[PDB]
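Trainee: Please find one structure pasted underneath; my questions will follow.
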Amino acid sequence: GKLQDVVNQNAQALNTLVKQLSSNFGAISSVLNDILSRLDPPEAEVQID
Amino acid sequence: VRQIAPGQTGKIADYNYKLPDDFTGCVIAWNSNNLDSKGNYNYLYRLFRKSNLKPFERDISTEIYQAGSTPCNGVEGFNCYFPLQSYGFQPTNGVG
Amino acid sequence: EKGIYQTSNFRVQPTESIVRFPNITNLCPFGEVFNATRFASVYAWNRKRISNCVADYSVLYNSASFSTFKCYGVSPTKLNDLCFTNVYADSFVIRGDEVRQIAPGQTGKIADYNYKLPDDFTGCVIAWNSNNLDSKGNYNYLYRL
Amino acid sequence: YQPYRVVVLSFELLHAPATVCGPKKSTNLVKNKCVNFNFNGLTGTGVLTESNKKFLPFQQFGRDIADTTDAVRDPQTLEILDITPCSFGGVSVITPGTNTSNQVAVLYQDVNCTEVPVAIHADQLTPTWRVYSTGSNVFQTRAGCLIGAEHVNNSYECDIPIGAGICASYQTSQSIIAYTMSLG
Amino acid sequence: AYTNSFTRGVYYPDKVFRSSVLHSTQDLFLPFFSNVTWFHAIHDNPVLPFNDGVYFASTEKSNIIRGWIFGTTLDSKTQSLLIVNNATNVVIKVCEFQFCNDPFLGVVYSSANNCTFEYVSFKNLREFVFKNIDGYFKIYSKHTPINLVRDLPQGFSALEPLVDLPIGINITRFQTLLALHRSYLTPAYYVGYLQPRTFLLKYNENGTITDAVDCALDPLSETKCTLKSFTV
Ligand SMILES: *[C@@H]1O[C@H](CO)[C@@H](O)[C@H](O)[C@H]1NC(C)=O
Ligand SMILES: *[C@@H]1O[C@H](CO)[C@@H](O)[C@H](O)[C@H]1NC(C)=O
Ligand SMILES: *[C@@H]1O[C@H](CO)[C@@H](O)[C@H](O)[C@H]1NC(C)=O
Ligand SMILES: *[C@@H]1O[C@H](CO)[C@@H](O)[C@H](O)[C@H]1NC(C)=O
Ligand SMILES: *[C@@H]1O[C@H](CO)[C@@H](O)[C@H](O)[C@H]1NC(C)=O
Ligand SMILES: *[C@@H]1O[C@H](CO)[C@@H](O)[C@H](O)[C@H]1NC(C)=O
């Protein structure tokens with residue numbers, strides 16, 4: 001069980017990192033092309049930031 | 001006057017005067033219905049262009065616009081356009 | 001010094017830019033409206049329900065029967081992007097020299113009975129030129145001055 | 001005295017559900033190569049491949065445990081394609097140290113050595129870089145594709161580690177070699 | 001005039017295929033072991049509300065239920081909605097119907113003008129999830145056999161997305177339409193309502209919702225929701 005916990009802790013941390021790409025953090029979308037297909041880069045710049 | 005700004009659209013901003021998005025300067029404007037009106041038919045502007053301007057580029061070319069798919073030459077006929085039309089300025093008109 | 005050093009990254013670049021979409025298959029009744037055999041006046045109106053209708057605008061422009069096109073809200077090149085709700089069309093009859101008198105804020109001949117309009121109604125114009133069917137008893141139309 | 005007639009097109013928008021507009025015409029689909037793709041609005045970059053997955057006729061695309069799109073249905077031929085990423089990796093340079101020599105070898109992590117002169121843009125590079133993209137010194141490790149080193153059958157101690165049992169060193173003209181390491 | 005559901009009434013919340021995946025969703029669902037009304041027409045069609053969704057289920061013998069009238073005011077002033085099946089096809093027409101006080105079908109009734117658009121497509125149990133969000137109108141359904149006496153069963157089957165509609169009206173109330181032999185004009189079916197919940201759906205090999213857990217049913221189901229697993 002001590003060897004299994006190192007495998008489980010490392011695999012859980014990598015799943016949290018990939019699922020964090022579906023957050024928008026306050027922007028209008030989490031998809032980077034949908035900001036670049038409905039805004040112009042004066043204030044599409046402030047949503048990518 | 002709202003088209004003289006960084007990153008604006010409209011036929012003054014797409015086809016006549018394109019400010020860059022990283023601009024450093026000032027834009028100054030004032031109403032001149034004292035002198036510029038009476039109409040006047042030498043204050044022109046462009047309506048048609050095959051691709052948008054880059055920042056700080058002007059263009060003088062009276063090429064007739066390929067707006068019909070079949071070509072025309074020299075003479076404005078069907079779907080042929082002279083790109084420069086004028087402003088109809090008259091002091092009875094409302095502001096705007 | 002001696003070692004191994006991770007310096008760059010590499011990446012295979014794309015070659016094509018393919019586009020897939022459903023079959024353009026919901027065609028619209030464009031045939032019994034302006035290729036018909038009976039037209040209207042300003043006295044008579046038809047309010048038509050143009051909906052569940054996704055068909056093209058190019059033959060409305062790129063044909064050899066419609067004369068004049070000048071249009072502010074859109075360029076004819078991209079008819080594909082903008083998609084409209086509540087599409088309305090009504091037919092009329094107007095004499096010859098009243099071409100340029102329907103415009104944003106227009107004060108010509110026909111501004112008071114052909115309903116003068118600002119640019120709240122954005123859209124282009126389509127100008128079919130009849131030369132045989134209108135020629136010679138067809139005085140059925142109505143107008144008020 | 002012409003029966004003239006023009007019709008103005010309709011009023012304002014962002015107003016109701018299904019609309020009235022033009023066609024969305026399609027390009028032919030191409031497989032096994034890295035492409036940009038648009039399937040009904042879902043945009044990406046990857047390699048398409050016919051899949052051994054079959055799903056329910058109202059489902060359009062597939063997702064996995066971390067919500068990555070990994071399958072798609074073509075909206076004309078109702079076929080199920082796979083999506084894999086285009087090839088990426090690191091570029092590592094093996095040097096014996098500048099105060100000893102100036103010859104290097106390059107490892108390309110997680111590629112075959114036939115996919116290398118398109119992974120890097122070798123025709124768009126300096127001619128001094130095209131030495132390290134093809135040739136006779138080509139070795140396929142589990143660490144990737146090593147290029148610029150001579151694969152010998154001796155076994156020595158590890159000097160510069162590469163991975164999965166393979167090391168490299170500066171040995172006797174002189175060259176850079178690649179060997180399985182000896183345990184003792 | 002009241003029974004419970006057990007696990008009845010879960011549907012596919014999107015068009016995404018998944019396999020060997022437990023997935024967590026936050027949509028409008030019918031809560032597990034809730035209170036659903038019971039209307040039997042044996043000797044009963046009132047003007048029930050449409051709050052933010054309606055579950056419907058109605059088992060039959062000889063095809064008596066026809067369809068549903070939706071709308072807001074029911075006065076032939078606001079836009080109304082309608083569905084009628086004929087054993088020929090389906091008709092969904094969005095007119096401004098002149099309404100009566102018993103809109104059955106005869107062994108018929110249509111006062112439709114100023115319309116908008118139109119579309120043409122015991123051993124029974126027939127489920128229906130209606131919904132009107134963001135100006136759309138969605139319908140989910142499934143028909144399935146039974147082996148019981150009269151009650152809603154305790155099996156598991158998930159409902160498919162039948163047809164989405166571009167309606168764009170405001171909707172408040174609804175009413176069903178079923179027929180009877182004699183025409184009585186005066187001048188059997190369950191109803192449950194949907195709430196916002198959080199569910200944990202289990203997808204099998206070929207990709208079908210096989211099990212679900214209501215994450216606010218009881219404290220043991222909150223542990224399954226936190227661990228994202230069916231065994232603790
Ligand atoms: C779309 O049209 C093509 C014709 O090339 C046909 O093969 C395909 O089955 C159609 N898809 C439909 C109707 O969904
Ligand atoms: C490299 O070697 C040279 C002589 O071989 C020596 O003068 C120089 O200092 C060395 N470089 C460093 C960084 O020590
Ligand atoms: C390298 O090429 C061989 C061909 O013999 C192929 O079988 C193998 O899958 C390739 N390895 C890769 C692409 O990693
Ligand atoms: C190692 O042995 C293999 C066996 O096939 C041989 O082909 C290869 O050339 C040898 N390499 C060296 C440099 O000894
Ligand atoms: C549901 O039905 C039961 C029947 O035993 C009844 O006692 C109860 O009051 C009803 N309502 C709720 C909220 O449980
Ligand atoms: C899923 O599909 C496979 C092959 O189509 C079949 O063998 C299996 O019985 C199906 N059902 C399951 C896994 O419940």
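Residue numbering restarts at 1 for every chain of the structure tokens, chains are lettered A, B, ... in their displayed order, and ligands are numbered from 1 as they appear.
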Check which residues fall inside 9 Å of ligand 1 when counting only C-alpha atoms and all ligand atoms, and print them as number ranges by chain.

Mentor: C: 22-25; D: 75-78

Trainee: 12 Å from ligand 5 is the threshold here; counting only C-alpha atoms and all ligand atoms, which polymer residues fall inside it? Answer as a list in words.

Mentor: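 The residues near ligand 5 are residues 1, 2, 3, 4, 5, 31, 32, 33, 34, 35, 36, 37, 38 and 192 of chain E.
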
Trainee: Quick check: residues of chain D within 7 Å of chain E, only C-alpha atoms, returned as a list in words.

Mentor: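 Residues of chain D within 7 Å of chain E, counting only C-alpha atoms: residues 16, 17, 18, 55, 58, 59, 60, 61, 62, 63, 64 and 65 of chain D.
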
Trainee: Separation of atom 12 (C, counted along the ligand's line) of ligand 4 and CA of residue 153 (chain D), in Å?

Mentor: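 Those two atoms sit 4.9 Å apart.
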
Trainee: Select all residues from chain C having any atom no more than 8 Å from an atom of chain B (counting only C-alpha atoms, ignoring ligands), output as a list in words.

Mentor: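 That gives residues 62, 67, 68 and 69 of chain C for chain C.
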
Trainee: Distance cut-off 8 Å, counting only C-alpha atoms - which residues of chain A neighbour chain D? Return them as a PDB file with C-alpha atoms, in the first residue's frame.

Mentor:
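The result, stored in out09.pdb:
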```pdb
ATOM      1  CA  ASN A  15      -5.625  14.957 -13.738  1.00  0.00           C
ATOM      2  CA  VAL A  18      -5.551  18.923 -17.242  1.00  0.00           C
ATOM      3  CA  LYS A  19      -9.045  19.617 -15.893  1.00  0.00           C
TER       4      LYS A  19
END
```

Trainee: For ligand 3, return the neighbouring residues as a ChimeraX atom specification (distance at most 9 Å; only C-alpha atoms and all ligand atoms).

Mentor: /D:110-115,140,142,144

Trainee: Take the residues just selected and output them with N, CA, C and O atoms as a PDB file, in the first residue's frame.

Mentor:
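Final output, out-v7.pdb:
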```
ATOM      1  N   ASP D 110      10.762  11.066 -28.613  1.00  0.00           N
ATOM      2  CA  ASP D 110       9.481  10.465 -29.008  1.00  0.00           C
ATOM      3  C   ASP D 110       9.115  10.715 -30.471  1.00  0.00           C
ATOM      4  O   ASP D 110       7.991  11.102 -30.783  1.00  0.00           O
ATOM      5  N   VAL D 111      10.058  10.448 -31.373  1.00  0.00           N
ATOM      6  CA  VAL D 111       9.779  10.382 -32.801  1.00  0.00           C
ATOM      7  C   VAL D 111      10.541   9.221 -33.417  1.00  0.00           C
ATOM      8  O   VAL D 111      11.526   8.729 -32.867  1.00  0.00           O
ATOM      9  N   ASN D 112      10.074   8.793 -34.584  1.00  0.00           N
ATOM     10  CA  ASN D 112      10.894   7.969 -35.451  1.00  0.00           C
ATOM     11  C   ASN D 112      11.839   8.862 -36.235  1.00  0.00           C
ATOM     12  O   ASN D 112      11.613  10.062 -36.392  1.00  0.00           O
ATOM     13  N   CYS D 113      12.910   8.264 -36.732  1.00  0.00           N
ATOM     14  CA  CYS D 113      13.917   9.049 -37.429  1.00  0.00           C
ATOM     15  C   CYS D 113      13.565   9.325 -38.883  1.00  0.00           C
ATOM     16  O   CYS D 113      14.323  10.024 -39.560  1.00  0.00           O
ATOM     17  N   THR D 114      12.461   8.789 -39.389  1.00  0.00           N
ATOM     18  CA  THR D 114      11.961   9.211 -40.688  1.00  0.00           C
ATOM     19  C   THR D 114      11.067  10.432 -40.592  1.00  0.00           C
ATOM     20  O   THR D 114      10.917  11.155 -41.582  1.00  0.00           O
ATOM     21  N   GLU D 115      10.485  10.679 -39.427  1.00  0.00           N
ATOM     22  CA  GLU D 115       9.628  11.825 -39.198  1.00  0.00           C
ATOM     23  C   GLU D 115      10.387  13.070 -38.776  1.00  0.00           C
ATOM     24  O   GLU D 115       9.754  14.084 -38.495  1.00  0.00           O
ATOM     25  N   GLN D 140      17.615   4.403 -33.178  1.00  0.00           N
ATOM     26  CA  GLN D 140      16.298   4.466 -32.552  1.00  0.00           C
ATOM     27  C   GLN D 140      16.346   3.862 -31.152  1.00  0.00           C
ATOM     28  O   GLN D 140      16.378   2.644 -30.986  1.00  0.00           O
ATOM     29  N   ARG D 142      14.503   3.940 -27.079  1.00  0.00           N
ATOM     30  CA  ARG D 142      13.215   4.229 -26.458  1.00  0.00           C
ATOM     31  C   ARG D 142      13.130   5.636 -25.897  1.00  0.00           C
ATOM     32  O   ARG D 142      12.037   6.083 -25.553  1.00  0.00           O
ATOM     33  N   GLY D 144      14.030   8.149 -27.779  1.00  0.00           N
ATOM     34  CA  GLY D 144      13.661   8.882 -28.953  1.00  0.00           C
ATOM     35  C   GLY D 144      14.520   8.455 -30.133  1.00  0.00           C
ATOM     36  O   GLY D 144      14.799   7.270 -30.318  1.00  0.00           O
TER      37      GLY D 144
END
```

Trainee: Output the neighbourhood of ligand 4 as a list in words, that is, all protein and nucleic acid residues with some atom at most 10 Å from the ligand, counting only C-alpha atoms and all ligand atoms.

Mentor: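 Protein and nucleic-acid residues within 10 Å of ligand 4: residues 150, 151, 152, 153, 154, 177, 178 and 179 of chain D.
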
Trainee: With ligand 2 as the partner and 10 Å as the cut-off, tabulate the residues of chain D that qualify, each row holding the nearest pair of atoms and their distance in Å to one decimal, using only C-alpha atoms and all ligand atoms, sorted by chain and rising number, as a tab-separated table.

Mentor:
```
residue	atom	partner	partner_atom_place_in_ligand_line	distance
D:97	CA	ligand 2	1 (C)	9.7
D:98	CA	ligand 2	1 (C)	8.1
D:99	CA	ligand 2	1 (C)	4.9
D:100	CA	ligand 2	5 (O)	7.9
```

Trainee: Just write the chosen residues, N, CA and C atoms, as a compact mmCIF listing (two decimals), in the first residue's frame.

Mentor:
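Wrote result12.txt, looks like this:
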```
# COMPACT_ATOMS: atom_id res chain seq x y z
N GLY D 97 31.75 19.24 -24.01
CA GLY D 97 32.28 20.43 -23.38
C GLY D 97 33.09 21.21 -24.39
N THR D 98 32.95 22.54 -24.36
CA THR D 98 33.54 23.37 -25.42
C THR D 98 35.05 23.46 -25.28
N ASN D 99 35.57 23.26 -24.07
CA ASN D 99 37.00 23.38 -23.83
C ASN D 99 37.73 22.08 -24.10
N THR D 100 37.09 21.15 -24.79
CA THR D 100 37.60 19.86 -25.22
C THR D 100 37.34 19.60 -26.69
```

Trainee: Return as a PyMOL selection string the residues belonging to chain A that are within 12 Å of chain B, counting only C-alpha atoms.

Mentor: chain A and resi 39-45

Trainee: Counting only C-alpha atoms and all ligand atoms, which residues of chain D sit at most 12 Å from some atom of ligand 6, and what is each one's closest atom pair with its distance in Å to one decimal, listed by chain and rising residue number, as a tab-separated table?

Mentor:
```
residue	atom	partner	partner_atom_place_in_ligand_line	distance
D:52	CA	ligand 6	5 (O)	10.6
D:53	CA	ligand 6	5 (O)	9.6
D:54	CA	ligand 6	5 (O)	8.4
D:55	CA	ligand 6	2 (O)	9.7
D:56	CA	ligand 6	2 (O)	11.3
```

Trainee: Take the selection from the previous step and output its residues with N, CA and C atoms, as a compact mmCIF listing (two decimals), in the first residue's frame.

Mentor:
```
# COMPACT_ATOMS: atom_id res chain seq x y z
N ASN D 52 -12.38 2.25 -34.38
CA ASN D 52 -13.13 1.07 -33.99
C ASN D 52 -14.14 1.40 -32.88
N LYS D 53 -14.55 2.66 -32.78
CA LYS D 53 -15.60 3.09 -31.88
C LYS D 53 -16.88 3.33 -32.66
N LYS D 54 -18.00 3.04 -32.02
CA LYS D 54 -19.32 3.21 -32.60
C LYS D 54 -20.23 3.72 -31.50
N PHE D 55 -20.91 4.84 -31.74
CA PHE D 55 -21.75 5.34 -30.67
C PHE D 55 -23.14 5.68 -31.17
N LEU D 56 -23.95 6.18 -30.24
CA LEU D 56 -25.39 6.32 -30.43
C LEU D 56 -25.68 7.47 -31.39
```

Trainee: I want to know what sits within 10 Å of region 2-9 of chain D, based on only C-alpha atoms, with residues of the same chain fewer than 2 positions away left out; could you give that as a ChimeraX atom specification?

Mentor: /C:41,66-69,71,84,87-99,102-103,121-131,134-135 /D:11

Trainee: Provide the CA of residue 95 (chain E) to CA of residue 27 (chain C) distance in Å, to one decimal place.

Mentor: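 Separation of CA of residue 95 (chain E) and CA of residue 27 (chain C): 23.7 Å.
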
Trainee: Mind checking which residues fall within 8 Å of residue 59 (chain E), counting only C-alpha atoms, ignoring those fewer than 5 positions away in the same chain, and posting them as a list in words?

Mentor: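 Once the nearby chain positions are removed, what remains is residues 124, 125, 126, 188 and 189 of chain E.
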
Trainee: Need the shell around residue 67 (chain E): protein/DNA/RNA residues with any atom at most 7 Å away, counting only C-alpha atoms. Skip same-chain ones fewer than 4 positions apart. Format as JSON, numbers by chain?

Mentor: {"E": [83, 84, 85, 176, 177]}

Trainee: So which residues of chain B fall under alpha helix (DSSP H) by DSSP, listed as JSON, numbers by chain?

Mentor: {"B": [11, 12, 13, 14, 15]}

Trainee: Next, dump the selected residues to file, keeping only N, CA, C and O atoms, as a short mmCIF file (atom, residue, chain, number, x, y, z; two decimals), in the first residue's frame.

Mentor:
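File produced: again00.cif:
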```cif
data_model
loop_
_atom_site.label_atom_id
_atom_site.label_comp_id
_atom_site.auth_asym_id
_atom_site.auth_seq_id
_atom_site.Cartn_x
_atom_site.Cartn_y
_atom_site.Cartn_z
N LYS B 11 -15.95 52.07 -42.68
CA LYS B 11 -15.30 52.27 -43.97
C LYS B 11 -14.30 53.42 -43.96
O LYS B 11 -13.42 53.48 -44.82
N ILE B 12 -14.37 54.31 -42.98
CA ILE B 12 -13.27 55.25 -42.79
C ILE B 12 -12.06 54.53 -42.20
O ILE B 12 -10.92 54.76 -42.61
N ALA B 13 -12.30 53.60 -41.28
CA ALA B 13 -11.20 52.90 -40.63
C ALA B 13 -10.70 51.70 -41.42
O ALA B 13 -9.54 51.32 -41.28
N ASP B 14 -11.54 51.07 -42.24
CA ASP B 14 -11.05 49.95 -43.04
C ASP B 14 -10.40 50.41 -44.34
O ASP B 14 -9.45 49.77 -44.80
N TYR B 15 -10.89 51.49 -44.94
CA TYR B 15 -10.53 51.84 -46.30
C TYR B 15 -9.82 53.18 -46.46
O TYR B 15 -9.28 53.44 -47.54
#
```

Trainee: Separation of CA of residue 120 (chain C) and CA of residue 133 (chain E), in Å?

Mentor: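 Between these atoms lies a distance of 29.0 Å.
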
Trainee: Would you mind listing, as a list in words, all residues of chain C that have at least one atom within 12 Å of chain E, where only C-alpha atoms are what counts?

Mentor: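 Listed by rising number, the hits are residues 47, 48, 49, 50, 51, 52, 53, 85 and 86 of chain C.
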
Trainee: How would the residues just picked look written out with N, CA, C and O atoms as a PDB file, in the first residue's frame?

Mentor:
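See again.pdb below for the written result:
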```pdb
ATOM      1  N   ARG C  47     -47.256  40.018 -46.105  1.00  0.00           N
ATOM      2  CA  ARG C  47     -46.330  39.755 -45.008  1.00  0.00           C
ATOM      3  C   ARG C  47     -46.076  38.254 -44.972  1.00  0.00           C
ATOM      4  O   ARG C  47     -46.963  37.475 -44.609  1.00  0.00           O
ATOM      5  N   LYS C  48     -44.872  37.849 -45.347  1.00  0.00           N
ATOM      6  CA  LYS C  48     -44.556  36.444 -45.531  1.00  0.00           C
ATOM      7  C   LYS C  48     -43.670  35.953 -44.395  1.00  0.00           C
ATOM      8  O   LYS C  48     -42.848  36.698 -43.852  1.00  0.00           O
ATOM      9  N   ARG C  49     -43.863  34.689 -44.026  1.00  0.00           N
ATOM     10  CA  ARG C  49     -43.077  34.067 -42.968  1.00  0.00           C
ATOM     11  C   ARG C  49     -41.880  33.372 -43.605  1.00  0.00           C
ATOM     12  O   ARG C  49     -41.931  32.199 -43.980  1.00  0.00           O
ATOM     13  N   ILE C  50     -40.785  34.120 -43.738  1.00  0.00           N
ATOM     14  CA  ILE C  50     -39.507  33.571 -44.186  1.00  0.00           C
ATOM     15  C   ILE C  50     -38.790  33.030 -42.951  1.00  0.00           C
ATOM     16  O   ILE C  50     -38.087  33.770 -42.259  1.00  0.00           O
ATOM     17  N   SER C  51     -38.976  31.743 -42.663  1.00  0.00           N
ATOM     18  CA  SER C  51     -38.254  31.062 -41.594  1.00  0.00           C
ATOM     19  C   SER C  51     -38.210  29.576 -41.922  1.00  0.00           C
ATOM     20  O   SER C  51     -38.980  29.091 -42.756  1.00  0.00           O
ATOM     21  N   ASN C  52     -37.325  28.860 -41.217  1.00  0.00           N
ATOM     22  CA  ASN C  52     -36.871  27.506 -41.564  1.00  0.00           C
ATOM     23  C   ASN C  52     -36.394  27.474 -43.014  1.00  0.00           C
ATOM     24  O   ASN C  52     -36.816  26.656 -43.833  1.00  0.00           O
ATOM     25  N   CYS C  53     -35.499  28.419 -43.309  1.00  0.00           N
ATOM     26  CA  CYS C  53     -35.092  28.779 -44.669  1.00  0.00           C
ATOM     27  C   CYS C  53     -33.614  29.162 -44.609  1.00  0.00           C
ATOM     28  O   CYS C  53     -33.273  30.283 -44.248  1.00  0.00           O
ATOM     29  N   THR C  85     -33.030  36.883 -38.074  1.00  0.00           N
ATOM     30  CA  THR C  85     -34.365  36.509 -37.632  1.00  0.00           C
ATOM     31  C   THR C  85     -35.386  37.475 -38.218  1.00  0.00           C
ATOM     32  O   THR C  85     -35.070  38.626 -38.533  1.00  0.00           O
ATOM     33  N   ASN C  86     -36.619  36.974 -38.362  1.00  0.00           N
ATOM     34  CA  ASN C  86     -37.798  37.755 -38.768  1.00  0.00           C
ATOM     35  C   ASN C  86     -37.618  38.414 -40.137  1.00  0.00           C
ATOM     36  O   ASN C  86     -37.754  39.629 -40.291  1.00  0.00           O
TER      37      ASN C  86
END
```
